[PDB]
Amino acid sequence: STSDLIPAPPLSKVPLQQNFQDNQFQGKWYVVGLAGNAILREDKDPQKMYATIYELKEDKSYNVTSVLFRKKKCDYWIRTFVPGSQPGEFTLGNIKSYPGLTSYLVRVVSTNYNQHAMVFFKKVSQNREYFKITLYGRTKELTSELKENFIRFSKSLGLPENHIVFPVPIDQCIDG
């Protein structure tokens, strides 16, 4: 394999939501925007919206379930976000169960809990460093202002426009 990636930003360029409220962040979020060094706009076959549900466990980790519509079916992808060094950061539980994965970080960049969130992810897999930012909405649509803010923020982390995608709203799988 050969591979050329935009470098992950230093974490000093990634804000952390002040006074993160883990209980209020729970529930379903729609992925309204998606950007990252391995994310590519594809006009031919556009990315479909998917959803990610955060459930706070008794131990204060999250069970995180993502639901995607692929090949006419609902695909479920489950992981555990374990609280990290400060509130609003997380690491991946059971990292040994993911082959090639040596590092995984989540940082909630901003949210008002009941409409929108921006979340930064960074991982090292097969020794390659990937990062993405998701724009989450409690609904499938968000204002132009929030989408443009997400574009500006993604660009501030070094991502050009073709690495920034707005998944198309769908009704299958993600409406339950």
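Numbering starts at 1 and runs along the sequence shown.
Note on 40 to 48 vs 120 to 128: mean CA B-factor is higher in 40 to 48. A summary of the deposited B-factors shows that, of 71 to 79 and 101 to 109, the stretch with the larger mean C-alpha value is 71 to 79. Of the candidates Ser66, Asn149, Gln26, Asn114, the one whose C-alpha carries the top B factor in the deposited record is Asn149. In the deposited entry, the Cα temperature factor of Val168 sits in the middle third of values across the chain's modelled residues.
Ranked by Cα temperature factor within the chain, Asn162 sits in the highest third according to the deposited record. Sort the chain's modelled residues by C-alpha temperature factor and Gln18 lands in the highest third, per the entry.
Looking at the C-alpha B-factors along this chain, the one for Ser154 belongs to the lowest third.
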